[PDB]
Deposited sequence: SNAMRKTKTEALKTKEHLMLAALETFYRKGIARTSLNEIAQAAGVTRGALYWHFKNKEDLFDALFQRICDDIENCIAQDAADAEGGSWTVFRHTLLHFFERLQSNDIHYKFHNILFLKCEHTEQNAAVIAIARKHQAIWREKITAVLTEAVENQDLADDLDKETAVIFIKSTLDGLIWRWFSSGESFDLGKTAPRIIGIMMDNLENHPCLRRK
């Protein structure tokens, strides 16, 4: 039930962006009344919330060496999975930071916060297995990892997928992994 309402929201978000999308438009695309949507999702914010939730759940249910493979499969998924493609397209390209979109942005910052605590934890555990050095600057390292991954995603979507993500993502990730283990700039 609720899953049908989410995908229409995702599809509408993908064509018009979040700002210029209305509940009315979503309920029509799913072919239900404005009243029927409201029972499950009280506003656009909540649909966006559930959609981000399915993305994070997808990534969770597919599981330091695991970290690498999790990064690799995230970028494959962007190409082969239609929902992950559209959601991150929407997040990066169709989600203006205007005052109208303020509740959405707050929702997205909530999920981004979880993603950060989770990276912080993986690094915390990796330092103990002697995978990473004990004087690793973890605060810098987490800005580094997210900035690396954000940059590839933004560069891929904003260039209109003008390069081969399947060939580029592994090289970017491997280099990132190398810098985390070895580069002195990432040490305290």
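Gaps between the deposited sequence and the modelled coordinates occur at 1-13, 77-87, 213, listed in sequence order.
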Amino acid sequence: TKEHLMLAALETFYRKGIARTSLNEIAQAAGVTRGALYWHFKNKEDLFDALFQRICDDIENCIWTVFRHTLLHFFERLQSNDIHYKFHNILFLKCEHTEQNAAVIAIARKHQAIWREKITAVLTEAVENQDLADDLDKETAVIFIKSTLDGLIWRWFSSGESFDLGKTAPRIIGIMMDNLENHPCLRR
From here on, numbers count along this sequence of modelled residues.
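Rigid core: the largest C-alpha set superposing within 1.5 Å between the two forms.
With 75-83 and 98-106 as candidates, the stretch whose CA atoms show the greater average offset from this form in 5 other deposited structures of this protein after a core fit is 98-106. Once the structures in 5 other deposited structures of this protein are superposed via the core, the pair 150-158 and 31-39 is resolved in favour of 31-39 as the more displaced stretch (C-alpha RMS). Set 138-146 against 123-131 and average the Cα temperature factors; 123-131 ends up higher. When the mean C-alpha temperature factors of 113-121 and 84-92 are read from the deposited coordinates, 113-121 comes out higher.
When the modelled residues of the chain are ordered by C-alpha B-factor, residue 155 sits in the lowest third. Residue 32: CA B factor in the highest third of modelled residues in this chain (values from the PDB entry). Annotation for residue 67: CA B-factor lies in the highest third of the chain's modelled residues. In the PDB entry, a CA B factor belonging to the lowest third of its chain's modelled residues is recorded for residue 172. Annotation for residue 10: C-alpha temperature factor in the lowest third relative to the rest of the modelled chain, per the entry.
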